[PDB]
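What follows is a short report on a single structure.
Along the sequence shown, residues carry numbers from 1.
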Amino acid sequence: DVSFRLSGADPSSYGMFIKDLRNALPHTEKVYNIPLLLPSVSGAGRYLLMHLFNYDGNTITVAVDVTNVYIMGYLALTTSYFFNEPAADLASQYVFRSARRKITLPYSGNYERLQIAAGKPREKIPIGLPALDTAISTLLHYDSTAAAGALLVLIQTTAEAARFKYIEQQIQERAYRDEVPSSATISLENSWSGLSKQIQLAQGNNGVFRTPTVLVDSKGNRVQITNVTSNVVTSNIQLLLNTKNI
Ligand SMILES: O=c1ccn([C@@H]2O[C@H](CO)[C@@H](O)[C@H]2O)c(=O)[nH]1
Ligand SMILES: *[C@@H]1O[C@H](CO)[C@@H](O)[C@H](O)[C@H]1NC(C)=O
């Protein structure tokens with residue numbers, strides 16, 4: 001398992017949690033020195049538990065699929081909550097079975113569906129450590145509309161930060177003050193799958209992507225990533241989704 005406490009949290013302790021989260025995801029190889037997530041894992045070993053504690057020390061446990069860093073559901077108090085989708089239903093056979101009741105959330109876990117449920121795009125939702133503390137608190141008591149917004153914060157502050165060092169740094173910059181994500185952040189989130197794929201197709205193609213990936217950079221400009229020498233590849237991305245899942 002991995003753990004993070006908001007009480008006394010700072011950029012360093014958050015860094016340590018995102019490092020622990022990355023190190024808990026298994027891989028048998030690296031592609032251009034980046035961990036390649038596994039094609040598949042069966043049984044309960046598919047799911048990592050993240051224990052998150054709000055500032056008052058209340059806790060939820062979040063279940064993460066180690067092959068794609070997808071949040072499947074979470075346990076709050078004695079009740080479990082799972083996204084409305086077959087992968088989460090499968091997760092519910094393995095994790096949080098000791099819960100006294102199981103609620104299926106009235107949406108699947110992907111950004112588009114969560115934004116609909118929440119009534120707003122994530123361009124308009126501040127993120128940071130304070131927002132993460134709020135999110136954890138929200139998820140302690142069922143409210144599906146509020147939970148959708150909280151899950152957008154949770155996904156971005158945990159999974160997406162694990163995937164990209166840039167997003168980890170963004171959250172670190174938002175340790176004591178929330179701010180809406182940069183367009184670069186949004187872009188990286190939306191391109192993880194594409195980048196993961198192109199980095200893998202690059203091996204066998206002399207480090208050149210078969211199809212370029214269009215990103216927004218720190219300054220707000222659209223740039224085209226064409227090969228593995230780009231900083232997105234050499235410094236930023238920390239985990240690759242296996243092309244077997246693309
Ligand atoms: O059950 C799900 C489905 C999607 N996602 C997130 O939403 C993104 C797709 O919109 C994925 O990359 C992942 O970060 C989850 O966390 N859980
Ligand atoms: C590869 O990417 C670099 C760095 O972004 C770029 O300047 C260069 O022209 C690209 N080369 C090829 C062969 O795609």
Side-chain angles (χ1 to χ4, degrees), residues 4 6 9 14 17-18 21 50-56 58-65 68-77 79-89 91-92 95-96 99 101-164 166-168 170-193 216:
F4 186 48
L6 276 287
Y14 174 71
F17 154 68
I18 292 298
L21 172 50
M50 309 196 283
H51 303 283
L52 307 178
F53 301 76
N54 78 0
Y55 175 88
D56 300 327
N58 291 159
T59 189
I60 65 172
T61 301
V62 179
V64 182
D65 181 324
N68 53 19
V69 215
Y70 277 31
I71 292 170
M72 286 303 95
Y74 58 95
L75 171 67
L77 180 57
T79 301
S80 60
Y81 299 87
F82 289 94
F83 287 122
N84 192 25
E85 71 200 28
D89 186 10
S92 77
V95 295
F96 314 139
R101 59 162 183 180
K102 178 177 84 186
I103 293 174
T104 305
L105 297 167
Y107 30 77
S108 63
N110 57 84
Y111 280 138
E112 309 90 285
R113 193 67 196 77
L114 288 176
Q115 287 177 169
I116 292 171
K120 53 176 45 162
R122 71 203 192 274
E123 280 85 344
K124 289 213 216 312
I125 304 173
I127 61 184
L129 303 177
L132 181 50
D133 184 35
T134 309
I136 290 158
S137 297
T138 291
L139 296 170
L140 293 164
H141 300 106
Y142 183 57
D143 172 337
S144 67
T145 296
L151 292 161
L152 286 170
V153 172
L154 176 71
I155 290 169
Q156 290 181 275
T157 60
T158 62
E160 302 286 16
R163 295 169 176 154
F164 298 97
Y166 175 88
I167 293 179
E168 171 181 17
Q170 295 285 291
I171 302 317
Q172 288 173 310
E173 290 171 2
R174 296 160 163 69
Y176 312 120
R177 184 179 63 180
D178 292 327
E179 183 185 331
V180 297
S182 55
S183 281
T185 287
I186 294 299
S187 181
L188 294 169
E189 296 170 347
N190 291 344
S191 306
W192 184 60
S193 188
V216 185

Does [X] use its side chain to pair, donor to acceptor, with the backbone of [Y] at less than 3.5 Å?
X: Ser108; Y: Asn84; answer: no
X: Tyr107; Y: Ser144; answer: yes
X: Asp56; Y: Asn58; answer: no
X: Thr138; Y: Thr134; answer: yes
X: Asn54; Y: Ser137; answer: no
X: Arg122; Y: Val153; answer: no
X: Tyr14; Y: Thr157; answer: yes

**Request:** Show your reasoning for whether side-chain contact (heavy atoms from CB on, under 4.5 Å) applies to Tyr74 and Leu139.
**Result:** CA-CA 9 Å; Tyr74 58 95; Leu139 296 170; 3.4 Å; yes
Can you give me the closest heavy-atom contact between [X] and [Y], atom names plus distance?
X: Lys124; Y: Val180; answer: C-CG1, 3.7 Å
X: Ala148; Y: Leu114; answer: CB-O, 3.6 Å
X: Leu152; Y: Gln115; answer: CD1-CG, 3.9 Å
X: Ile60; Y: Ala76; answer: CG2-CB, 4.1 Å
X: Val62; Y: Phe96; answer: C-CZ, 4.1 Å
X: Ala131; Y: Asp178; answer: N-OD1, 2.8 Å

To the nearest 0.5 Å, what is the distance between [atom1] ([X]) and [atom2] ([Y])?
X: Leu6; Y: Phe53; atom1: CG; atom2: CZ; value: 10.5 Å
X: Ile186; Y: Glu160; atom1: CD1; atom2: CD; value: 9.0 Å
X: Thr79; Y: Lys102; atom1: OG1; atom2: NZ; value: 12.0 Å
X: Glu123; Y: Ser183; atom1: CD; atom2: OG; value: 6.5 Å
X: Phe82; Y: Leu75; atom1: CZ; atom2: CG; value: 8.5 Å
X: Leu52; Y: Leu132; atom1: CG; atom2: CG; value: 6.0 Å

**Request:** Just say parallel, tilted or perpendicular for the rings of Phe4 and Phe17, cut-offs at 30° and 60°.
**Result:** parallel
Answer whether the closest heavy-atom distance between the side chains of [X] and [Y] falls below 4.5 Å.
X: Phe83; Y: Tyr70; value: no
X: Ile171; Y: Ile18; value: no
X: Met72; Y: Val95; value: no
X: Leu140; Y: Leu77; value: no

**Message:** Could you go through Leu105 and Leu151, starting from their C-alpha distance and side-chain angles, then the distance that decides it, and tell me whether this counts as side-chain contact (heavy atoms from CB on, under 4.5 Å)?
**Reply:** CA-CA 11 Å; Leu105 297 167; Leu151 292 161; 4.0 Å; yes
**Message:** For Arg113, is there an ion pair with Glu85 - N to carboxylate O distance below 4.0 angstrom?
**Reply:** no
**Message:** Within a 6.0 Å radius of atom NE2 on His51, are there more than 12 heavy atoms belonging to other residues, nucleotides or ligands?
**Reply:** yes
